[PDB]
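J.: The structure file query-v2.cif (mmCIF, C-alpha atoms) is provided below.
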```
data_input
loop_
_atom_site.label_atom_id
_atom_site.label_comp_id
_atom_site.auth_asym_id
_atom_site.auth_seq_id
_atom_site.Cartn_x
_atom_site.Cartn_y
_atom_site.Cartn_z
CA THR A 4598 31.44 -44.47 47.48
CA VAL A 4599 29.43 -47.45 46.34
CA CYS A 4600 29.80 -50.38 43.97
CA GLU A 4601 27.76 -50.41 40.79
CA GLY A 4602 24.40 -51.98 41.48
CA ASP A 4603 24.26 -50.73 45.07
CA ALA A 4604 22.12 -47.79 46.18
CA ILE A 4605 22.89 -44.07 46.41
CA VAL A 4606 21.20 -42.35 49.33
CA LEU A 4607 21.41 -38.56 49.67
CA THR A 4608 19.27 -37.10 52.43
CA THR A 4609 19.62 -34.17 54.78
CA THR A 4610 18.98 -33.66 58.45
CA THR A 4611 17.95 -30.02 58.73
CA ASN A 4612 14.49 -28.56 58.59
CA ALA A 4613 13.33 -26.42 55.71
CA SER A 4614 10.37 -24.82 54.12
CA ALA A 4615 11.73 -26.37 50.94
CA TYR A 4616 14.78 -28.26 49.81
CA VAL A 4617 16.48 -28.10 46.43
CA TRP A 4618 18.65 -31.00 45.24
CA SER A 4619 20.50 -31.41 41.95
CA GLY A 4620 22.89 -33.94 40.40
CA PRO A 4621 24.86 -35.61 37.53
CA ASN A 4622 22.20 -37.65 35.80
CA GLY A 4623 19.40 -35.14 35.91
CA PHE A 4624 18.78 -35.89 39.53
CA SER A 4625 16.38 -33.45 41.08
CA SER A 4626 14.38 -33.32 44.27
CA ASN A 4627 12.69 -30.98 46.68
CA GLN A 4628 12.24 -33.37 49.65
CA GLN A 4629 14.31 -33.84 52.86
CA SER A 4630 14.78 -37.39 51.67
CA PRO A 4631 14.87 -37.74 47.84
CA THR A 4632 14.01 -40.89 46.00
CA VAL A 4633 16.94 -43.27 46.30
CA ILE A 4634 18.81 -44.55 43.28
CA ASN A 4635 18.32 -48.21 44.02
CA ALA A 4636 20.85 -49.63 41.55
CA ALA A 4637 23.37 -46.97 40.75
CA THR A 4638 25.62 -47.02 37.75
CA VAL A 4639 28.67 -45.15 36.58
CA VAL A 4640 26.64 -42.25 35.13
CA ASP A 4641 25.58 -41.41 38.67
CA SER A 4642 29.09 -40.39 39.56
CA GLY A 4643 29.78 -36.83 40.22
CA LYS A 4644 28.90 -33.78 42.27
CA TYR A 4645 25.51 -33.48 43.93
CA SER A 4646 24.33 -30.27 45.58
CA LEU A 4647 21.66 -28.95 47.95
CA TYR A 4648 20.59 -25.55 49.36
CA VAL A 4649 17.81 -24.91 51.93
CA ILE A 4650 14.94 -22.40 51.77
CA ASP A 4651 13.91 -21.29 55.23
CA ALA A 4652 10.57 -20.31 56.75
CA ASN A 4653 10.71 -16.73 55.48
CA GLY A 4654 11.82 -17.60 51.97
CA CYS A 4655 15.65 -17.06 52.21
CA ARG A 4656 18.20 -19.35 50.50
CA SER A 4657 21.29 -20.51 52.42
CA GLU A 4658 24.59 -21.33 50.80
CA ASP A 4659 25.18 -24.26 48.44
CA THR A 4660 26.69 -27.38 49.94
CA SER A 4661 27.77 -30.57 48.27
CA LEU A 4662 28.41 -34.30 48.30
CA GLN A 4663 30.67 -36.26 45.95
CA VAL A 4664 29.41 -39.66 44.77
CA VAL A 4665 31.63 -42.34 43.28
CA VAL A 4666 30.30 -45.50 41.69
CA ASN A 4667 32.84 -48.26 41.14
CA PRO A 4668 32.21 -50.18 37.90
CA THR A 4669 31.54 -53.89 37.89
CA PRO A 4670 34.56 -55.89 36.61
CA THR A 4671 33.92 -57.93 33.52
CA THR A 4672 32.96 -61.56 33.77
CA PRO A 4673 36.22 -63.54 33.81
CA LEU A 4674 36.97 -66.35 31.45
CA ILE A 4675 38.87 -69.50 32.20
CA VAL A 4676 41.29 -69.80 29.34
CA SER A 4677 43.82 -72.44 30.28
CA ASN A 4678 42.40 -75.80 31.48
CA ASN A 4679 45.14 -78.29 32.24
CA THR A 4680 42.49 -80.69 33.37
CA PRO A 4681 43.15 -84.21 31.87
CA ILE A 4682 45.60 -85.32 34.56
CA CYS A 4683 46.41 -88.54 36.51
CA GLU A 4684 46.14 -88.52 40.30
CA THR B 4598 32.73 -39.53 19.88
CA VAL B 4599 31.24 -42.76 21.13
CA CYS B 4600 30.39 -46.20 19.78
CA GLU B 4601 26.75 -47.12 19.32
CA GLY B 4602 25.42 -48.55 22.55
CA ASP B 4603 27.67 -46.41 24.74
CA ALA B 4604 26.46 -43.35 26.64
CA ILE B 4605 26.31 -39.68 25.65
CA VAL B 4606 26.97 -37.31 28.53
CA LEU B 4607 26.54 -33.56 28.03
CA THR B 4608 26.85 -31.50 31.19
CA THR B 4609 28.15 -28.05 31.98
CA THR B 4610 30.30 -26.62 34.71
CA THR B 4611 29.05 -23.07 35.14
CA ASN B 4612 26.38 -21.80 37.47
CA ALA B 4613 23.07 -20.52 36.22
CA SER B 4614 19.64 -19.48 37.23
CA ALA B 4615 18.54 -21.77 34.42
CA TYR B 4616 20.11 -23.79 31.66
CA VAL B 4617 18.71 -24.46 28.20
CA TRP B 4618 19.87 -27.50 26.22
CA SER B 4619 18.76 -28.70 22.80
CA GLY B 4620 19.73 -31.47 20.36
CA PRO B 4621 19.28 -33.77 17.29
CA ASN B 4622 16.74 -36.27 18.52
CA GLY B 4623 14.45 -33.90 20.36
CA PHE B 4624 16.85 -33.71 23.23
CA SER B 4625 15.90 -31.02 25.68
CA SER B 4626 16.90 -30.13 29.20
CA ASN B 4627 17.05 -27.29 31.66
CA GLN B 4628 19.45 -28.83 34.23
CA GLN B 4629 23.23 -28.39 34.76
CA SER B 4630 23.44 -32.11 34.16
CA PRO B 4631 20.79 -33.45 31.73
CA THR B 4632 19.57 -36.99 31.68
CA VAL B 4633 22.20 -39.12 29.99
CA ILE B 4634 21.49 -41.08 26.85
CA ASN B 4635 22.51 -44.44 28.22
CA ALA B 4636 22.65 -46.38 24.94
CA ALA B 4637 23.13 -43.94 22.13
CA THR B 4638 22.41 -44.70 18.53
CA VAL B 4639 23.13 -43.11 15.20
CA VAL B 4640 20.12 -40.75 15.39
CA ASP B 4641 21.83 -39.05 18.32
CA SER B 4642 24.54 -37.72 16.06
CA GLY B 4643 24.69 -34.10 15.43
CA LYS B 4644 24.95 -30.64 16.96
CA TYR B 4645 23.90 -30.03 20.54
CA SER B 4646 23.65 -26.54 22.01
CA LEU B 4647 23.36 -24.73 25.35
CA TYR B 4648 22.95 -21.11 26.56
CA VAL B 4649 22.88 -19.91 30.20
CA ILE B 4650 20.36 -17.62 31.91
CA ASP B 4651 21.98 -15.68 34.72
CA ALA B 4652 20.71 -14.44 38.08
CA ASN B 4653 19.09 -11.31 36.65
CA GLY B 4654 17.45 -13.03 33.71
CA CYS B 4655 19.98 -12.33 30.87
CA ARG B 4656 20.89 -14.90 28.19
CA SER B 4657 24.54 -15.43 27.21
CA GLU B 4658 25.68 -16.54 23.80
CA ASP B 4659 24.98 -19.97 22.29
CA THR B 4660 27.73 -22.54 22.55
CA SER B 4661 27.90 -26.02 21.14
CA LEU B 4662 29.15 -29.60 21.21
CA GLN B 4663 29.33 -32.03 18.30
CA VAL B 4664 28.39 -35.65 19.01
CA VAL B 4665 29.32 -38.56 16.78
CA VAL B 4666 27.99 -42.07 17.24
CA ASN B 4667 29.83 -44.79 15.36
CA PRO B 4668 27.48 -47.51 14.07
CA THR B 4669 27.85 -51.11 15.12
CA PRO B 4670 29.30 -53.28 12.31
CA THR B 4671 27.08 -56.07 11.14
CA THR B 4672 27.42 -59.54 12.56
CA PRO B 4673 30.00 -61.34 10.39
CA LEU B 4674 29.37 -64.65 8.75
CA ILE B 4675 31.84 -67.43 8.23
CA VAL B 4676 31.39 -68.39 4.63
CA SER B 4677 34.28 -70.62 3.69
CA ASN B 4678 34.97 -73.60 6.02
CA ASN B 4679 37.84 -75.72 4.78
CA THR B 4680 37.47 -77.82 7.86
CA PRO B 4681 37.57 -81.59 6.93
CA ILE B 4682 41.36 -81.89 6.92
CA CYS B 4683 44.01 -84.46 8.01
CA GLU B 4684 46.59 -83.46 10.62
CA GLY B 4685 49.47 -81.50 9.12
CA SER B 4686 47.14 -79.76 6.69
CA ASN B 4687 46.05 -76.17 7.02
CA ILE B 4688 42.67 -75.03 8.39
CA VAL B 4689 41.24 -72.30 6.26
CA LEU B 4690 38.26 -70.27 7.38
CA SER B 4691 37.01 -67.13 5.72
CA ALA B 4692 34.64 -64.36 6.70
CA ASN B 4693 32.42 -62.34 4.42
CA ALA B 4694 33.75 -58.99 3.33
CA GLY B 4695 32.32 -55.99 5.15
CA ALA B 4696 32.61 -52.20 4.88
CA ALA B 4697 35.78 -50.67 3.60
CA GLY B 4698 38.19 -50.43 6.52
CA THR B 4699 36.76 -53.45 8.33
CA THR B 4700 39.16 -55.24 10.62
CA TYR B 4701 38.58 -58.93 11.19
CA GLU B 4702 39.66 -60.75 14.33
CA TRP B 4703 39.30 -64.47 14.83
CA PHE B 4704 38.70 -66.19 18.14
CA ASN B 4705 39.23 -69.79 19.29
CA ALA B 4706 36.86 -72.07 21.18
CA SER B 4707 38.47 -70.78 24.36
CA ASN B 4708 37.76 -67.12 23.48
CA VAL B 4709 41.35 -66.14 22.70
CA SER B 4710 42.64 -64.60 19.50
CA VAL B 4711 43.95 -66.87 16.77
CA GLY B 4712 44.83 -64.21 14.19
CA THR B 4713 43.35 -61.53 11.92
CA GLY B 4714 42.05 -60.87 8.40
CA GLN B 4715 39.21 -62.15 6.27
CA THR B 4716 40.94 -65.43 5.90
CA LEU B 4717 42.30 -67.28 8.90
CA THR B 4718 44.89 -69.87 8.14
CA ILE B 4719 46.16 -72.24 10.76
CA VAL B 4720 49.25 -73.82 9.31
CA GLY B 4721 50.22 -77.37 10.17
CA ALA B 4722 47.04 -77.76 12.12
CA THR B 4723 46.76 -80.41 14.77
CA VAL B 4724 43.95 -81.93 16.78
CA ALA B 4725 44.21 -79.14 19.34
CA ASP B 4726 43.14 -76.76 16.58
CA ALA B 4727 39.88 -78.61 16.01
CA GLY B 4728 36.65 -77.20 17.37
CA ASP B 4729 34.79 -73.89 17.55
CA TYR B 4730 35.84 -70.63 15.84
CA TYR B 4731 34.16 -67.26 15.65
CA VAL B 4732 34.69 -63.90 13.97
CA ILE B 4733 34.49 -60.36 15.39
CA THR B 4734 33.99 -57.46 12.97
CA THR B 4735 35.67 -54.17 13.98
CA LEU B 4736 35.10 -50.61 12.59
CA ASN B 4737 36.05 -47.21 14.00
CA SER B 4738 36.66 -48.76 17.44
CA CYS B 4739 33.20 -50.53 17.47
CA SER B 4740 32.75 -54.26 17.41
CA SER B 4741 29.79 -56.37 16.46
CA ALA B 4742 28.34 -59.54 17.83
CA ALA B 4743 30.25 -62.70 17.16
CA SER B 4744 29.57 -64.69 14.04
CA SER B 4745 27.89 -67.98 13.99
CA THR B 4746 30.29 -70.47 15.41
CA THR B 4747 31.92 -72.85 12.94
CA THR B 4748 34.14 -75.82 13.65
CA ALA B 4749 37.42 -77.18 12.40
CA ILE B 4750 37.80 -80.92 11.99
CA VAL B 4751 41.26 -82.36 12.22
CA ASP B 4752 41.50 -86.05 11.52
CA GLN B 4753 44.19 -88.16 13.05
CA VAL B 4754 46.12 -90.72 11.18
CA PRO B 4755 44.99 -93.97 12.84
CA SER B 4756 47.43 -96.52 14.26
CA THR B 4757 45.71 -99.47 12.56
CA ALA B 4758 47.52 -100.84 9.52
CA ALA B 4759 45.74 -102.13 6.48
CA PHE B 4760 45.76 -105.89 6.53
CA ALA B 4761 44.28 -108.43 4.15
CA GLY B 4762 43.93 -112.13 4.82
CA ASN B 4763 45.84 -114.89 3.16
CA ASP B 4764 45.79 -116.07 -0.44
CA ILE B 4765 42.69 -117.55 -2.02
CA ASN B 4766 43.23 -120.56 -4.23
CA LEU B 4767 40.25 -121.91 -6.21
CA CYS B 4768 39.62 -125.17 -8.20
CA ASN B 4769 37.36 -124.64 -11.24
CA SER B 4770 35.58 -121.63 -9.79
CA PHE B 4771 35.12 -118.06 -10.77
#
```
So that I can check it, write out the structure of this file as structure tokens.

T.:
Amino acid sequence: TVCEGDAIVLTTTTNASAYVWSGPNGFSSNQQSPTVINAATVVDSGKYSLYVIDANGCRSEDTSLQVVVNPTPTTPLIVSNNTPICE
Amino acid sequence: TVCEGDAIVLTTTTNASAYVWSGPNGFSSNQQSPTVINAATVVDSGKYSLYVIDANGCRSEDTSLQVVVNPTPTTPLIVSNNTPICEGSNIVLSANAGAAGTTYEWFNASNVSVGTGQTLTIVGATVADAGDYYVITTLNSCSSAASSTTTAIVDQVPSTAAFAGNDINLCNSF
């Protein structure tokens, strides 16, 4: 779970002959450590998945990670300004 | 259905050996979750389709999604500016007519609503009603950029009384 504008990092720790990653915004990678989304936005929310190809070419089961990106609040306005006052 | 400038997200939920997506602006993808159109425009309107290739290479039937992008209204103009008024008078500002169905909302200098319609009337206006006004044009849940800012002028009745000097009395002079 990250705030909008922060980075989304999805990497794995196991060894593989190949990795296969897939996600919500067309995210795709084949490396132990995929390119990081440096300034994530709300479209990056969702389910990401990864399965590992071993040394002899076999494909283990699908696992997953859920990513949540919290939207930036809007810029506030100061509306009331009871400013012209005496000490 | 989205407003122009918003994002179009077309993803599926089923598993596949491959996906095939196609759409109106040359849109194409083979992933469960295609790259999102982050700021869609009117050319993105239309019929999008997707069919799924299974594990053994067979192709299921075509299904579809209709996407509608509502255009941004034009930036409104303030045309009439009955602004040079004395306190107690009404301020009358009026926006140019837009597309049929256009909703007009007026905003104060402080960015708060002051009323709706092509013509904004502030009745019994006072000095606090003087200053910046702008117009927002709304259509089909889309809103355009604010109009050029105009200003109301509310004059105060001054406290100074008229006063002439004393009488002039002349001998043989015009």

J.: Kindly give the distance, in Å, that separates atom CA of residue 4616 of chain B and atom CA of residue 4646 of chain A, rounded to a single decimal.

T.: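 Atom CA of residue 4646 of chain A lies at a distance of 15.9 Å from atom CA of residue 4616 of chain B.
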
J.: Compile the residues of chain B that lie within 9 Å of chain A, evaluated using all atoms listed in the file, and express the compilation as a tab-separated table (two decimals) with C-alpha atoms, keeping the file's coordinate frame.

T.:
```tsv
chain	number	residue	atom	x	y	z
B	4604	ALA	CA	26.46	-43.35	26.64
B	4606	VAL	CA	26.97	-37.31	28.53
B	4608	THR	CA	26.85	-31.50	31.19
B	4626	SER	CA	16.90	-30.13	29.20
B	4628	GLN	CA	19.45	-28.83	34.23
B	4629	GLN	CA	23.23	-28.39	34.76
B	4630	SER	CA	23.44	-32.11	34.16
B	4631	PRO	CA	20.79	-33.45	31.73
B	4632	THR	CA	19.57	-36.99	31.68
B	4633	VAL	CA	22.20	-39.12	29.99
B	4635	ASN	CA	22.51	-44.44	28.22
B	4707	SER	CA	38.47	-70.78	24.36
B	4708	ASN	CA	37.76	-67.12	23.48
B	4709	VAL	CA	41.35	-66.14	22.70
```

J.: Show me, as a PyMOL selection string, the residues that have an atom within 8 Å of residue 4626 of chain A when counting only C-alpha atoms, minus same-chain residues fewer than 6 positions from it.

T.: chain A and resi 4616-4619+4632

J.: Rounded to one decimal, what separation in Å do you get between atom CA of residue 4735 of chain B and atom CA of residue 4702 of chain B?

T.: 7.7 Å

J.: When you draw a straight line from atom CA of residue 4648 of chain B to atom CA of residue 4613 of chain B, how long is it in Å?

T.: 9.7 Å

J.: Leaving out residue 4605 of chain A and any residue of its chain fewer than 3 positions from it, which residues lie within 7 Å of it when counting all atoms listed in the file, given as a VMD selection string?

T.: chain A and resid 4633 to 4635 4637

J.: Extract segment 4611-4647 of chain B from the preceding block and save N, CA, C and O atoms as an mmCIF file, in the first residue's frame.

T.:
```
data_model
loop_
_atom_site.group_PDB
_atom_site.id
_atom_site.type_symbol
_atom_site.label_atom_id
_atom_site.label_comp_id
_atom_site.auth_asym_id
_atom_site.auth_seq_id
_atom_site.Cartn_x
_atom_site.Cartn_y
_atom_site.Cartn_z
ATOM 1 N N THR B 4611 -10.739 -13.336 -16.756
ATOM 2 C CA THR B 4611 -10.522 -14.756 -16.964
ATOM 3 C C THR B 4611 -9.067 -15.042 -17.268
ATOM 4 O O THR B 4611 -8.294 -14.158 -17.611
ATOM 5 N N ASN B 4612 -8.708 -16.302 -17.163
ATOM 6 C CA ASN B 4612 -7.368 -16.740 -17.477
ATOM 7 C C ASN B 4612 -7.283 -17.076 -18.947
ATOM 8 O O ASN B 4612 -8.285 -17.364 -19.587
ATOM 9 N N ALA B 4613 -6.074 -17.040 -19.483
ATOM 10 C CA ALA B 4613 -5.888 -17.306 -20.896
ATOM 11 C C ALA B 4613 -4.464 -17.703 -21.175
ATOM 12 O O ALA B 4613 -3.567 -17.397 -20.406
ATOM 13 N N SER B 4614 -4.256 -18.364 -22.295
ATOM 14 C CA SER B 4614 -2.896 -18.532 -22.736
ATOM 15 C C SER B 4614 -2.473 -17.260 -23.430
ATOM 16 O O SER B 4614 -1.311 -16.861 -23.372
ATOM 17 N N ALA B 4615 -3.446 -16.573 -24.019
ATOM 18 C CA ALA B 4615 -3.240 -15.290 -24.666
ATOM 19 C C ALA B 4615 -4.547 -14.520 -24.739
ATOM 20 O O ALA B 4615 -5.622 -15.109 -24.819
ATOM 21 N N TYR B 4616 -4.462 -13.210 -24.759
ATOM 22 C CA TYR B 4616 -5.644 -12.402 -24.920
ATOM 23 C C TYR B 4616 -5.479 -11.637 -26.208
ATOM 24 O O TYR B 4616 -4.362 -11.445 -26.665
ATOM 25 N N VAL B 4617 -6.572 -11.250 -26.838
ATOM 26 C CA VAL B 4617 -6.513 -10.380 -28.001
ATOM 27 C C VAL B 4617 -7.511 -9.243 -27.859
ATOM 28 O O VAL B 4617 -8.716 -9.479 -27.901
ATOM 29 N N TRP B 4618 -7.033 -8.013 -27.775
ATOM 30 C CA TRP B 4618 -7.907 -6.854 -27.649
ATOM 31 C C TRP B 4618 -7.780 -5.975 -28.875
ATOM 32 O O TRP B 4618 -6.688 -5.830 -29.414
ATOM 33 N N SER B 4619 -8.873 -5.323 -29.254
ATOM 34 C CA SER B 4619 -8.854 -4.364 -30.357
ATOM 35 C C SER B 4619 -9.856 -3.222 -30.191
ATOM 36 O O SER B 4619 -10.959 -3.437 -29.695
ATOM 37 N N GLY B 4620 -9.497 -2.003 -30.631
ATOM 38 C CA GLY B 4620 -10.438 -0.899 -30.524
ATOM 39 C C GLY B 4620 -10.332 0.250 -31.528
ATOM 40 O O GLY B 4620 -9.467 0.255 -32.392
ATOM 41 N N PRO B 4621 -11.182 1.277 -31.325
ATOM 42 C CA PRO B 4621 -11.426 2.428 -32.209
ATOM 43 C C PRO B 4621 -10.272 3.287 -32.630
ATOM 44 O O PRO B 4621 -10.311 3.852 -33.726
ATOM 45 N N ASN B 4622 -9.264 3.467 -31.808
ATOM 46 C CA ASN B 4622 -8.171 4.340 -32.194
ATOM 47 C C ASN B 4622 -6.911 3.557 -32.477
ATOM 48 O O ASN B 4622 -5.814 4.078 -32.330
ATOM 49 N N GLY B 4623 -7.038 2.315 -32.901
ATOM 50 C CA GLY B 4623 -5.855 1.526 -33.161
ATOM 51 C C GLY B 4623 -5.414 0.802 -31.931
ATOM 52 O O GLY B 4623 -4.300 0.278 -31.874
ATOM 53 N N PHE B 4624 -6.272 0.787 -30.936
ATOM 54 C CA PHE B 4624 -5.998 0.134 -29.683
ATOM 55 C C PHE B 4624 -5.782 -1.324 -29.936
ATOM 56 O O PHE B 4624 -6.541 -1.945 -30.674
ATOM 57 N N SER B 4625 -4.739 -1.862 -29.329
ATOM 58 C CA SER B 4625 -4.404 -3.263 -29.462
ATOM 59 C C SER B 4625 -3.629 -3.733 -28.251
ATOM 60 O O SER B 4625 -2.775 -3.017 -27.734
ATOM 61 N N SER B 4626 -3.942 -4.936 -27.795
ATOM 62 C CA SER B 4626 -3.237 -5.500 -26.659
ATOM 63 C C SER B 4626 -3.382 -7.002 -26.593
ATOM 64 O O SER B 4626 -4.368 -7.564 -27.062
ATOM 65 N N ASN B 4627 -2.414 -7.650 -25.967
ATOM 66 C CA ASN B 4627 -2.512 -9.077 -25.761
ATOM 67 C C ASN B 4627 -2.435 -9.455 -24.291
ATOM 68 O O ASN B 4627 -2.186 -10.615 -23.963
ATOM 69 N N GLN B 4628 -2.596 -8.473 -23.400
ATOM 70 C CA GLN B 4628 -2.435 -8.752 -21.943
ATOM 71 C C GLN B 4628 -3.737 -8.637 -21.137
ATOM 72 O O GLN B 4628 -4.561 -7.822 -21.471
ATOM 73 N N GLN B 4629 -3.887 -9.433 -20.082
ATOM 74 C CA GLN B 4629 -5.100 -9.501 -19.277
ATOM 75 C C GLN B 4629 -5.537 -8.106 -18.931
ATOM 76 O O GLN B 4629 -6.729 -7.808 -18.850
ATOM 77 N N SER B 4630 -4.563 -7.241 -18.723
ATOM 78 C CA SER B 4630 -4.773 -5.855 -18.359
ATOM 79 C C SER B 4630 -3.941 -4.937 -19.247
ATOM 80 O O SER B 4630 -2.760 -4.704 -18.977
ATOM 81 N N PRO B 4631 -4.533 -4.449 -20.334
ATOM 82 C CA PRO B 4631 -3.915 -3.575 -21.333
ATOM 83 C C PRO B 4631 -3.538 -2.248 -20.765
ATOM 84 O O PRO B 4631 -4.139 -1.794 -19.809
ATOM 85 N N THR B 4632 -2.584 -1.598 -21.408
ATOM 86 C CA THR B 4632 -2.210 -0.256 -21.015
ATOM 87 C C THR B 4632 -3.426 0.638 -21.074
ATOM 88 O O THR B 4632 -4.155 0.644 -22.062
ATOM 89 N N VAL B 4633 -3.620 1.386 -20.012
ATOM 90 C CA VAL B 4633 -4.753 2.268 -19.807
ATOM 91 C C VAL B 4633 -4.590 3.556 -20.578
ATOM 92 O O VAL B 4633 -3.496 4.106 -20.681
ATOM 93 N N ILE B 4634 -5.683 4.043 -21.139
ATOM 94 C CA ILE B 4634 -5.662 5.325 -21.811
ATOM 95 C C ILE B 4634 -5.859 6.339 -20.710
ATOM 96 O O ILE B 4634 -6.966 6.490 -20.202
ATOM 97 N N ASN B 4635 -4.796 7.028 -20.332
ATOM 98 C CA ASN B 4635 -4.846 7.842 -19.127
ATOM 99 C C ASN B 4635 -5.641 9.124 -19.275
ATOM 100 O O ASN B 4635 -6.111 9.662 -18.268
ATOM 101 N N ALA B 4636 -5.756 9.660 -20.477
ATOM 102 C CA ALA B 4636 -6.491 10.900 -20.687
ATOM 103 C C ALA B 4636 -7.216 10.768 -22.004
ATOM 104 O O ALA B 4636 -6.761 11.254 -23.031
ATOM 105 N N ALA B 4637 -8.353 10.122 -21.944
ATOM 106 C CA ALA B 4637 -9.114 9.747 -23.108
ATOM 107 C C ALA B 4637 -9.735 10.930 -23.779
ATOM 108 O O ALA B 4637 -10.113 11.896 -23.131
ATOM 109 N N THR B 4638 -9.885 10.839 -25.090
ATOM 110 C CA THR B 4638 -10.571 11.884 -25.821
ATOM 111 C C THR B 4638 -11.671 11.297 -26.676
ATOM 112 O O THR B 4638 -11.945 10.108 -26.631
ATOM 113 N N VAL B 4639 -12.320 12.138 -27.462
ATOM 114 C CA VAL B 4639 -13.500 11.698 -28.180
ATOM 115 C C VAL B 4639 -13.202 10.630 -29.233
ATOM 116 O O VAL B 4639 -14.074 9.807 -29.540
ATOM 117 N N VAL B 4640 -11.978 10.573 -29.762
ATOM 118 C CA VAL B 4640 -11.624 9.558 -30.744
ATOM 119 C C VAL B 4640 -11.625 8.178 -30.130
ATOM 120 O O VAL B 4640 -11.599 7.188 -30.851
ATOM 121 N N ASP B 4641 -11.614 8.076 -28.815
ATOM 122 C CA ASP B 4641 -11.548 6.791 -28.157
ATOM 123 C C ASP B 4641 -12.916 6.185 -27.983
ATOM 124 O O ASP B 4641 -13.035 5.070 -27.485
ATOM 125 N N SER B 4642 -13.924 6.831 -28.509
ATOM 126 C CA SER B 4642 -15.283 6.356 -28.394
ATOM 127 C C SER B 4642 -15.451 5.192 -29.282
ATOM 128 O O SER B 4642 -14.902 5.196 -30.370
ATOM 129 N N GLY B 4643 -16.301 4.286 -28.920
ATOM 130 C CA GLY B 4643 -16.605 3.264 -29.898
ATOM 131 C C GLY B 4643 -16.645 1.872 -29.303
ATOM 132 O O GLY B 4643 -16.766 1.687 -28.094
ATOM 133 N N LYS B 4644 -16.589 0.879 -30.180
ATOM 134 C CA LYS B 4644 -16.673 -0.514 -29.781
ATOM 135 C C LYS B 4644 -15.302 -1.127 -29.615
ATOM 136 O O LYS B 4644 -14.491 -1.094 -30.534
ATOM 137 N N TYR B 4645 -15.067 -1.725 -28.472
ATOM 138 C CA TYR B 4645 -13.844 -2.444 -28.172
ATOM 139 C C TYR B 4645 -14.184 -3.922 -28.095
ATOM 140 O O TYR B 4645 -15.280 -4.282 -27.663
ATOM 141 N N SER B 4646 -13.250 -4.795 -28.469
ATOM 142 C CA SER B 4646 -13.556 -6.221 -28.436
ATOM 143 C C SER B 4646 -12.417 -7.052 -27.876
ATOM 144 O O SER B 4646 -11.272 -6.614 -27.842
ATOM 145 N N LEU B 4647 -12.734 -8.283 -27.466
ATOM 146 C CA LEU B 4647 -11.730 -9.183 -26.891
ATOM 147 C C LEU B 4647 -12.157 -10.634 -27.037
ATOM 148 O O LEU B 4647 -13.323 -10.938 -26.799
#
```
